[PDB]
């Protein structure tokens, strides 16, 4: 609609991903592939605040973006992921985090938010777009029978609400994570999802800064598939555009003219999964459609790269306390390192298989 957060701004490139990509490119032995790989650092991505250790990094990004805007004549936009809930990743094992409910988890989380707000407050000339807590709300829609999720429900809702309420006070544009077509896009899940997202939006005061929802984060779905991926059998909403087209009117009828962003960073190669629920380090994935506000849909503000391709989805080591057997399936690249850490061989394949090519 009228106010697309990306209009009129230059996106500040992630220095964190740039550091990973530059080091990765120097280890890619074929020169042509290496130069393609290095160019990935010039593609805008979201930087994840997956621990309190990343908050000072945010400060450096905001200050660097502010200075760059001054010296290039532009207004700069910093893209972040808020990803540190207590009892994080409640329906899987791979991305358990540093906060736990019993260890002052909710209070520590809200202070994590306070530290982030305190950084953002110092740089009002820099726009921030934040994806709020990948997987969390989607787990509350469909996984309430998972006892870790059920026992985390009040903490998740309180923490997400605190993030939305307080990031809005410093003008952060926000997209709540909303799973993907194979998670919440099933027709049967659309209304339960809309009802929960509506309640969350209402609880945070319907802030104009809460733009809508993010989809496909860290997943592999097409935005628009000419033919359904065979894994989608039984779900007419076989790609993200079908999911968004079906969900958005429900939000509108609840009063929220929500818009969307869609991760395509690992979506260049379709039809490569055995089963739709295979989310971990899918082999043969390629970088997908480059970020753009030319989205092909009234509901979609931007195609984005949220998950930084090359950072692992999870370890394949069953000796790890974060081992999830999804990461050992036949379509998962193995051996794979701990979630979030660099997976060089996987990055090289993402480069080689990029569609459109790099």
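Positions refer to the first chain, counted from 1.
Of the two stretches examined, 236-244 and 67-75, the record assigns the greater average C-alpha temperature factor to 67-75. Between 37-45 and 24-32, the higher mean Cα B-factor belongs to 24-32. Within the group 92, 174, 85, 163, the record's highest C-alpha temperature factor is found at 92. Of all the options 312, 325, 60, 302, the entry's greatest CA B-factor is assigned to 325. The deposited CA B-factor of residue 18 belongs to the middle third of values across its chain. Among the modelled residues of its chain, residue 321 has a C-alpha B-factor that falls in the highest third according to the deposited record. When the modelled residues of the chain are ordered by their C-alpha B factor, residue 134 lands in the lowest third. Ranked against the other modelled residues of its chain, the C-alpha B-factor of residue 308 as given in the entry falls in the lowest third. For residue 256, the recorded CA B-factor ranks within the highest third of the chain. Only modelled residues enter the ranking.
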